[PDB]
There are 2 protein chains.
Amino acid sequence: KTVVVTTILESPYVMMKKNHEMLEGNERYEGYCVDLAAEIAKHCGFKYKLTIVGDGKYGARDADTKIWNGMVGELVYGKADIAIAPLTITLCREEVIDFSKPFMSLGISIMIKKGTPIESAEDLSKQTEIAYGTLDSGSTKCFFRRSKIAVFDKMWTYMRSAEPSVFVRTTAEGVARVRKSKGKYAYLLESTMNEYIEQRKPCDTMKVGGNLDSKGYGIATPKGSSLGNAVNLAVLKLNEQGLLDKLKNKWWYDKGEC
Amino acid sequence: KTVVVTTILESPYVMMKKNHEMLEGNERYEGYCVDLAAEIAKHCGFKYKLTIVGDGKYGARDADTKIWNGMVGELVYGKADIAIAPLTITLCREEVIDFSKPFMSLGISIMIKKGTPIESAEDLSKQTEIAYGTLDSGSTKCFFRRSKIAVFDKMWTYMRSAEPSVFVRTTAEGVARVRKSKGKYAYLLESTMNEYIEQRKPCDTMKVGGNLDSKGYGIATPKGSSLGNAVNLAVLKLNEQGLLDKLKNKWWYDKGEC
Ligand SMILES: N[C@@H](CCC(=O)O)C(=O)O
Ligand SMILES: N[C@@H](CCC(=O)O)C(=O)O
Ligand SMILES: [Zn+2]
Ligand SMILES: [Zn+2]
Ligand SMILES: [Zn+2]
């Protein structure tokens, strides 16, 4: 009956509303993915409940157990019916879950504290004074783990061994680490999240360089789900009608503070 | 056994080699989609035959007959097994054929002769002096026909009844018309093709403004084809290993003339 949606607290995709405690269920949350879920549900004709992924992760497979965690795991093991989140379409994930055509484009990018002497990934790789890392259990880390491209592989070799550790549990922890590190920490994260934060007080970070790759976020469903077909057509509809662009302006730039 | 691949002569995706007359089969052609087809086939483990679409079109459904033309038609009517071309993923097409996840991102863009006093679609819609049109039987025309957005519907209203016709049969025809028309014709075409032309002699055109929308090219197969799954995984694999970015540089910028 009611579709269980798994999602993740990530600004400006899903955020606890300012006055949520006096609100109940889905009304406690706002954001790009909250509006998207409402649109998708409207067009596919289902009722839904938003749930925050229990382990707070996007999804990766444990090398030893082979068990998936995060939102991907919640789909794989039957704990949720659909994931509506900034979840990156990847080869490894497509092997175990289904994705709609992308609803948003992104690439890996570099976040620095304003004034930091870094302009590119190549820059980061040719030095050591400034440490840099990525999010745990996500596609950015996996991208670096598996890249045969010379510059990226060298970055991965430094990251996988550094001490203290350069990886963070949440995007917020990575951003805070940049802001409090006096320019000695740079954070590798998706351009969407980088560009959003850049327009938020205290206005002390910025995106530098071009994107390191090009990929997309998709709405994910359990493999063979009956929901997959309708959801895909809905994403295409919403893109063609300009809604996806409308939502993007609503949450990134109509909400800039800088 | 041998996979029949439908494609289209559109630079720099698929072009006739200089000595093509002395060459046979797939060796007659070169370009981004030629390189891509060789890779998709290698990774999916199939032999293939490139064939240029007979009517030279991408694909639209005739309002009267209801028959699909172009590469889309070749797939729908069983004349080809797969399309490897700059074929835009759209809702109407997804209803009749299957698409892989996108292999390239693009948006509708504006091409002007250098010096043309136009900076945006809004600029174009608000005037009469400079004519503008699009390709026939393609996703750009359909975009404008179907659009509810104010600026774009105004453009469609003008274009559909402009005389002489502002629509062209091939991208090359639209580009020639821009070049020959002394700034009095602007051409709406995808950013990928606009960007390519900008780097070709006589270096007299350019892309102006931002993209009007955001979408992707996919590799297409007949609905329910068993090739679809493998092709999709190959596209993701090839993106993650950086092949797609490498091919774009090779055919757009390494060969740039301006
Ligand atoms: N979008 C990523 C999470 C953020 C990141 O890895 O940078 C994923 O789906 O895993
Ligand atoms: N890529 C387009 C053709 C070019 C255009 O319409 O501008 C299509 O698949 O129809
Ligand atoms: Zn709607
Ligand atoms: Zn010839
Ligand atoms: Zn290969």
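Residues numbered from 1 in each chain as written, not as in the entry; some residues may be left out. Chains lettered and ligands numbered in written order. Heavy atoms only, no water. Residues with missing side-chain atoms left out of burial classes, pairs and counts.

For this coordinate set, the PDB header names X-ray crystallography as the determination method and states a resolution of 1.823 Å.

The name recorded for chain A in the PDB entry is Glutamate receptor 2, from Rattus norvegicus.

(A) The arrangement of the overall build of chain A in detail. Looking only at helices and strands, one finds ten helices and 13 strands in chain A. For 258 residues, the compact-globule estimate of 2.2 N^0.38 gives 18 Å, and chain A sits close to it at 18 Å. Projecting the C-alpha coordinates of chain A onto the three principal axes gives extents of approximately 55 × 45 × 35 Å. (Helix = DSSP H or I, 4+ residues; strand = E, 2+ residues; numbered from the N terminus. Rg over C-alpha atoms; globule rule 2.2 N^0.38 Å.)

(B) Fine view of the sheet that holds strand β9 (residues 131-134) of chain B. Residue and element names in this part refer to chain B. If you trace the four strands from one edge of the open sheet to the other, you get β9-β10-β8-β11, paired in mixed fashion. Of all the strands in the sheet, just β9 and β11 (205-208) have a single pairing partner and so form its edges. For this sheet, the mean inter-axis angle between neighbouring strands, taken without regard to orientation, is 30 degrees. Docked against the sheet, helix α7 (residues 171-180) engages β8 (108-113), β10 (185-190) and β11, running at close to 150 degrees with respect to β10. (Pairing = 2+ DSSP bridges. Axes fitted to C-alpha atoms, helices over the stretch in contact; angles between N-to-C directions. Contact = heavy atoms within 4.5 Å.)

(C) Geometry of the UniProt feature "binding site: L-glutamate" in chain A. All names here are of chain A. In the numbering adopted here, UniProt assigns the feature "binding site: L-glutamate" to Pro86, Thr88, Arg93, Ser139, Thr140 and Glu190. Following the sequence through the fold, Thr88 ends up in the loop between β5 (82-83) and α3 (91-94). With residues near it in sequence (within four places) discarded, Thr88 still touches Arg93, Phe99, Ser139, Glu190, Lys215, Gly216 and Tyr217. Structurally, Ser139 can be placed in helix α5 (residues 139-145). Its relative accessible area of 12% is what places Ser139 among the buried residues. In this view, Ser139 contacts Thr88, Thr90, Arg93, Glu190 and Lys215; residues no more than four positions away in its chain are not counted. (UniProt positions renumbered as here; feature names shortened; annotations may be inferred. Buried < 20%, exposed > 50% of the residue type's maximum accessible area, 1.4 Å probe, protein only.)

(D) Representation of the site of ligand 1 in the model. Residues and elements named next belong to chain A. Around ligand 1, the surrounding shell consists of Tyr58, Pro86, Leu87, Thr88, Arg93, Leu135, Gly138, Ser139, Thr140, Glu190 and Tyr217. With respect to ligand 1, the side chain of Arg93 contributes an N or O atom lying 2.7 Å from an oxygen atom. One nitrogen or oxygen atom from the side chain of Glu190 is found 2.7 Å from a nitrogen atom belonging to ligand 1. The fraction of the free accessible surface of ligand 1 (290 Å²) that becomes covered by protein chains is 99%. For the shell around ligand 1, a count of residues per class yields five nonpolar, four polar and two charged. (Near = heavy atom within 4 Å. Polar contact = N/O pair within 3.5 Å; in protein donor to acceptor, adjacent residues only side chain to side chain. Areas by Shrake-Rupley, 256 points an atom, 1.4 Å probe, with all protein chains shown as cover. Nonpolar A, V, L, I, M, F, W, Y, C, P; charged D, E, K, R; others polar.)

(E) Quick look at the coordination of the zinc ion (ligand 5). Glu39(B) (OE) and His43(B) (NE2) make up the full set of protein donors to the zinc ion (ligand 5), lying at 2.2 to 2.3 Å. Of this pair, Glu39(B) and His43(B) are both found in helix α1 (residues 32-44), four residues apart, which corresponds to roughly one turn of the helix. (Donors = N, O, S within 2.8 Å, 3.2 Å for Na, K, Ca; no water.)

(F) Structural context of the packing of aromatic side chains. Scanning all chains against the criterion turns up 27 aromatic pairs over all chains. Seen from their ring centres, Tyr132(A) and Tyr158(A) are 4.5 Å apart, and the 40 degrees between their planes marks the pair as tilted. Here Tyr132(A), found in strand β9 (residues 131-133), pairs with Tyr158(A), found in helix α6 (residues 150-159); they are 26 residues apart in sequence, far enough to count as distant. Look at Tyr132(A) and you get buried, because its relative accessible area is 2%. Judged by centre distance (5.3 Å) and plane angle (80 degrees), the ring pair of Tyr13(B) and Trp252(B) falls under edge-to-face. Of this pair, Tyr13(B) sits in the loop between β1 (3-7) and β2 (15-16) while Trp252(B) sits in helix α10 (residues 243-253), and the two are 239 residues apart along the sequence. An identical accessibility class is assigned to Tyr13(B) and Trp252(B); each is buried. An aromatic cluster of at least three residues, connected via ring pairs, comprises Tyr13(A), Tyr32(A), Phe103(A), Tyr196(A), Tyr217(A) and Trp252(A). Sitting over the face of the ring of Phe167(A), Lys141(A) holds its NZ or CZ atom 4.3 Å from the ring centroid. (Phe/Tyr/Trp six-rings, centres within 6.5 Å; stacked < 30°, edge-to-face > 60°. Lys NZ or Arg CZ within 6 Å of the ring centre and 35° of its normal.)

(G) Region of interest: the interface of chain B and chain A. Taken together, the contacts link 22 residues of chain B with 23 residues of chain A. Summed over both sides, the interface between chain B and chain A buries roughly 1,900 Å², with carbon and sulfur atoms accounting for 54% of that surface. Three residues, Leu91(B), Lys101(B) and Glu240(B), lead the burial of chain B against chain A; their summed loss comes to 33% of the area buried on that side. At the junction of chain B with chain A, the criterion picks out three salt bridges. Of the charged contacts, one joins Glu94(A) and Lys101(B) as a salt bridge, the two residues approaching to 2.7 Å between their closest N and O atoms. Counting the contacts that link chain B with chain A gives eleven residue pairs in polar contact. Of all the secondary structure elements, the ones that give two or more residues to the side of chain B that touches chain A are α3 (91-94) and α9 (228-240) of chain B. Among the elements that make up the side of chain B that touches chain A, the one with the highest residue count is α9(B) (six residues). Here the side of chain B that touches chain A is composed, by residue class, of eight nonpolar, seven polar and seven charged. (Buried area = accessible area lost by both parts, 1.4 Å probe. Salt bridge = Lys/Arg side-chain N within 4 Å of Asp/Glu carboxyl O.)

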